[PDB]
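Each answer follows from the model by the rule given with it, or from the source it names; none is laboratory data. Here the Cβ is made from the backbone with ideal geometry for all residues, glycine too, and neighbour counts use every protein chain on show.
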Amino acid sequence: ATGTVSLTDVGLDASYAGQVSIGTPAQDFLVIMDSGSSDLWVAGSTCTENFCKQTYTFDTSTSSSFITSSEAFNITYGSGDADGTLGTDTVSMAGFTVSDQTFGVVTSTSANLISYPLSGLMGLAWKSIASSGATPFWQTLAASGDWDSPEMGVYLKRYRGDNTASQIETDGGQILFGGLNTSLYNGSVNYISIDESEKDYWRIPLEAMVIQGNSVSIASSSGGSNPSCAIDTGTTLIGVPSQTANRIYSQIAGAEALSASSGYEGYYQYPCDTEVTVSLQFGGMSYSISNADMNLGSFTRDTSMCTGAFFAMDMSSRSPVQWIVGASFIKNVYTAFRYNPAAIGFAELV
Ligand SMILES: *[C@@H]1O[C@H](CO)[C@@H](O[C@@H]2O[C@H](CO)[C@@H](O)[C@H](O)[C@H]2NC(C)=O)[C@H](O)[C@H]1NC(C)=O
Ligand code: NA
Ligand code: NA
């Protein structure tokens, strides 16, 4: 079989979310679809955080199939963390069901992790990085032979650069579970193979980067000659090692690091009237990033300067990834996440 999740684009390409349903009878939630993590969680109805007061929450007491657990749930993202306890219940998405899906019932988070209309997050990466130890929903489906083809196809719609766009766009893209949507891409899919040691994040090697026509050195202390890049639908921008970010912005005349005084340490800005030409090389092909994705607008009162989508994020030397490649990149390609043989594919959008 196949099944489609319609995506809502929240926050001007900040987060892409789809509907999950949990419990009996079903309780429905809009959750971040996150190819950079592997746990499902939803804000619980007992949560006393302010955001929980203003969004839909999961009432464990009104699900007749809910199996409680005292086991703690704790997950950390680059943007913050979420805590609560594990639970088990029937979960559906895209017309599929997992009867005894383990997930987090969250009752605290770091400030501003999520808000209305979101209620949680569904991890689309591999079991080995699931904090809960549970097999991810998507992975159960793939492993069971339920899918026509063992892959997920992703389209993220772009609103950044549209001056009349809303903070909630329900026409936000699509995830196809169990195949690729041939109406949304053109030409052949270029698959980059992922070996058995790399089934954690969805990650692939960066071969090269070109900005303003200059090939940037992508060597790093953590990642050696070539970084391993999380292809991460759950992040907004492109996070890279500090050294690499410095090198990137050195290729744009007039670029400078934003001071920590601004409140934007790790970000860089450059002249707003410079259209930046930039591509990332994966699997022997260059993939362009449109100027509408690259230019985030002015972050300070100096309106002649605009912030770029690449930012400095030094990561744990315990991380297997040195780049986090978010929606800023992904909006420019149709993306296939292939379970078997394990691979990430890219195609030109139609
Ligand atoms: C592939 O993507 C296309 C384009 O988004 C989907 O087409 C829509 O499907 C719905 C109902 O299934 C129609 O009512 C819409 O009018 C279609 N939109 C357009 C622009 O044609 C299509 O459903 C997707 N296919 C799969 C299998 O997910
Ligand atoms: Na993530
Ligand atoms: Na420099």
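Say we look at the stretch 241-265 and pick out the residues that are in a helix (DSSP H, G or I) and either over 24 Å from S222 (Cα atoms) or not assigned by CATH to the domain that holds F310 (or both); which of these is farthest from ligand 1 (Cβ to nearest atom)?
In this case the residue turns out to be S261.
Would you call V106 assigned to a strand (DSSP E or B) and buried (at least 23 other Cβ atoms within 10 Å of the Cβ)?
Considered against the rule, which asks whether it is assigned to a strand (DSSP E or B) and buried (at least 23 other Cβ atoms within 10 Å of the Cβ), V106 comes out as yes.
Of the residues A327, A312, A292, which single one is among the small types (G, A, S) and within 16 Å of ligand 3 (Cβ to nearest atom)?
Unique residue meeting the criteria: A312.
Being buried (at least 18 other Cβ atoms within 10 Å of the Cβ) and part of a loop (DSSP other than H, G, I, E, B) is the filter here; which residues of the stretch 62-93 pass it?
Within the stretch 62-93, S63, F66 qualify.
Checking the condition within 17 Å of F346 (Cβ to Cβ), β-branched (V, I, T) and either touching a strand residue (DSSP E or B) at 6+ places or on another chain (Cβ under 8 Å) or away from ligand 3 (no atom under 16 Å from the Cβ) (or both), which residue from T236, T182 passes?
Answer to the check: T182.
State which residue pairs qualify: first residue within 19 Å of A1 (Cβ to Cβ) and in a strand (DSSP E or B) and inside the stretch 171-185, second residue among the β-branched types (V, I, T) and within 16 Å of ligand 2 (Cβ to nearest atom) in any location, beta carbons under 7 Å apart, and separation of 6 or more residues or different chains.
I175/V154
Which of the residues spanning the stretch 317-350 are assigned to a strand (DSSP E or B) and among the β-branched types (V, I, T)?
Scanning the stretch 317-350 gives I324, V325, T335, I344.
Taking the criterion of being part of a strand (DSSP E or B), in the same structural domain as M93 (by CATH), in contact (Cβ under 8 Å) with a residue 60 or more places away in the chain and surrounded by 15 or more Cβ atoms within 10 Å (Cβ to Cβ), would at least one residue in the stretch 126-147 satisfy it?
Applying the first criterion (part of a strand (DSSP E or B)) to the stretch 126-147 yields none.
Checked the stretch 126-147: no residue is part of a strand (DSSP E or B), in the same structural domain as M93 (by CATH), in contact (Cβ under 8 Å) with a residue 60 or more places away in the chain and surrounded by 15 or more Cβ atoms within 10 Å (Cβ to Cβ).
Between a residue in the stretch 245-261 that is surrounded by 13 or more Cβ atoms within 10 Å (Cβ to Cβ) and any residue that is among the hydrophobic types (A, V, I, L, M, F, W, C) and assigned to a helix (DSSP H, G or I), which pairs come within a Cβ distance under 9 Å, given they are 6 or more apart or on different chains?
Close Cβ pairs satisfying both conditions: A255/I248; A257/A245.
Is there a residue in the stretch 56-64 that is within 29 Å of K199 (Cβ to Cβ), of a type in the set (D, E) and either away from ligand 3 (no atom under 16 Å from the Cβ) or assigned by CATH to the domain that holds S166 (or both)?
Checked against the condition, which is being within 29 Å of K199 (Cβ to Cβ), of a type in the set (D, E) and either away from ligand 3 (no atom under 16 Å from the Cβ) or assigned by CATH to the domain that holds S166 (or both), the stretch 56-64 yields no hits at all.
Evaluate the stretch 289-307: report whether one residue or more is surrounded by fewer than 23 Cβ atoms within 10 Å (Cβ to Cβ), out of contact with any strand residue (DSSP E or B) (no Cβ under 7 Å at 6 or more places or on another chain) and in a helix (DSSP H, G or I).
Yes - at least one qualifying residue is present in the stretch 289-307.
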